[PDB]
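Heads up, what comes next is one protein chain in two forms, each shown on its own as structure tokens, labelled structure 1 and structure 2.
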Structure 1
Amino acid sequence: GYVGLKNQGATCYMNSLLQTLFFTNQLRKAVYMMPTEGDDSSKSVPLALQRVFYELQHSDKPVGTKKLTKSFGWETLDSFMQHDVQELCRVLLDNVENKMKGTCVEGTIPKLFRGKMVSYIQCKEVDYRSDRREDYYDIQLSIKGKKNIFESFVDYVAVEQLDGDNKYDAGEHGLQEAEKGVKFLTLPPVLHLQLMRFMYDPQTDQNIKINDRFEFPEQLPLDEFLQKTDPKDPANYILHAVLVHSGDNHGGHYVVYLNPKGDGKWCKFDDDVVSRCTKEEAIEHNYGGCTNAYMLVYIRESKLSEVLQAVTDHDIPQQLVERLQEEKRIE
């Protein structure tokens, strides 16, 4: 009982991303609460996301995204093909985060998608170490040479040797050999994991896809990679969405698989057609080695009910509904 999105232009991963964001129910409810009463529909990306989500909720007919593409200004043909799926997510989520500022749902975007990370550079020779902390909304994981997501996280937190021609400048201590590393402090309730499915060559300016077999589990234990573990909230995550690209280059066939209720009931979202699908077609058939996954969405098991909370028609403000209904009448 889920409606799809019209193909329209070459939106690439956008339709796959929109369904993923739409079925993050906690995000959707906060999006409806955004005060777009005074926003002009031309350049209002927060309002356009409300229109897309509202149609995805109350339309049997396929849902259009023409106004949304105009909202964040990706109207040229190559705009999506010159960009990335995580870059599009930032544009949408940053705009709604600013909109929610000063409201009851302020901080919803950082609460759901933001985690805490530590990056360190410890000089081996002298007693020097820097311990910068950086927040992240998404994680890009390496699939080349890695068999499963566990090895990608192992390589992610693996130490890098800053020796030879790439030593670390310690200033007063001087140029010395050091190790560079990254550790995870916190993991967000909604975990966006993008896979490095393409390798780029600066010399020849060519993009080569990595269709090698990369495994992702239905349930993902990540307590090991945390710097400090926490009892009563282990870092165990459940697979929610699998964004898949079947082509051999940028542009092609972008399709996303979801189990919106977290029940394991998987459906295939291919633009206009939303067909029920097998768990087999969702997880393992997209391991690769044409179709293979480029992005994965995991939800922490503790936050499963809250993130995927039931959304009713009463949740959408009547003002917004009437404003959207009025525009449909004028058409």
Structure 2
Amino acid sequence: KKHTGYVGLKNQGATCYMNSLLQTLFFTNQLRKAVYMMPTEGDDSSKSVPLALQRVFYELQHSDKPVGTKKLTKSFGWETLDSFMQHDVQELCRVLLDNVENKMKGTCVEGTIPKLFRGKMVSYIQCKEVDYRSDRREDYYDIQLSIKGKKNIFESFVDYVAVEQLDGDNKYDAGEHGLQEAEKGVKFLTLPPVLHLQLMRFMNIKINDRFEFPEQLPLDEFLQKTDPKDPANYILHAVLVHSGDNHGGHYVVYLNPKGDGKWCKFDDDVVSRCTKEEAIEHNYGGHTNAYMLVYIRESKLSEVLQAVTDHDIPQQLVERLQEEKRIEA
């Protein structure tokens, strides 16, 4: 904390990618404030996932020493290494934020999860030579981008929206109209304030290819309609990295918490300052791979990364967490 201003977490081992995600969610400041507001006074000390996330966030905000996650792993039942390796980061993040969102219902901080992370997309199937079109509106909290044969995020987004032909052997079952030539596609209606992009490093053959992501990411061309008052310019907030072995390896996260190009490497207990280039360019890959990226929308940056004070944690919660620290010591 003395060098960088920020504390790290206790070592991974079986934990894998949780520490990387916890720092990412902790430095989503608007979420952190909302997490502190959850009415967890009635909750069980051990079994409550909402309370266990308040504990980590509290300790990341106040501790000089590294913060433990053992109370938190016991709460949502992922104790073994197998339980992390079977899942991916978006599934873990979904498990934490569902608990948080459910606890926030009927409270002053309701709807903070969908405000921060929920975007909307339309999937469509249009028949070419017949008048039939199926549409589904879908909420998403995260996007999984393809990287095999893609130079960069721009190209992955182009491929994400690209129109697929349903011709020949793979014609579209159109019900009363029978098999038809058709065009399948997806289109983004809105992009959230905090954008979670996972990069598909497994097709399970692994992909160590060089994949380039920028500091500033404009996404207006991937929307159906563009607001001129609020363009879809996104700014790079976090880069989650894996090195070494599969079914194992070492997980790190790079972060610029204030959103001001001032980057730090979060290597469990060791938080240290780094260059933009160590955080961005040097995690592109080729012959160490980035696997998740977090972008924040430029128009939403002040609100998402709003300053936290110790006053933002309710007195009842502070007293309860210090009662644990006294009794356990």
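Just so we're on the same page, rigid core means the largest C-alpha set that superposes within 1.5 Å between forms. Residue 1 is the first residue of structure 1, and the numbers go on in sequence order from there.
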**Prompt:** Tell me, which of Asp94, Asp230, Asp163, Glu134 is the one whose C-alpha shifts by at least 2 Å between structure 1 and structure 2, with the rigid core superposed?
**Reply:** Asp163
**Prompt:** How much does the C-alpha of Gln8 move between structure 1 and structure 2, in Å, when the core is lined up?
**Reply:** 4.8
**Prompt:** By how many angstrom is the CA atom of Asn259 displaced between structure 1 and structure 2 after fitting on the core?
**Reply:** 0.2
**Message:** Keeping the rigid core superposed, can you check how far the CA atom of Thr76 moves between structure 1 and structure 2, in angstrom?
**Reply:** 2.1
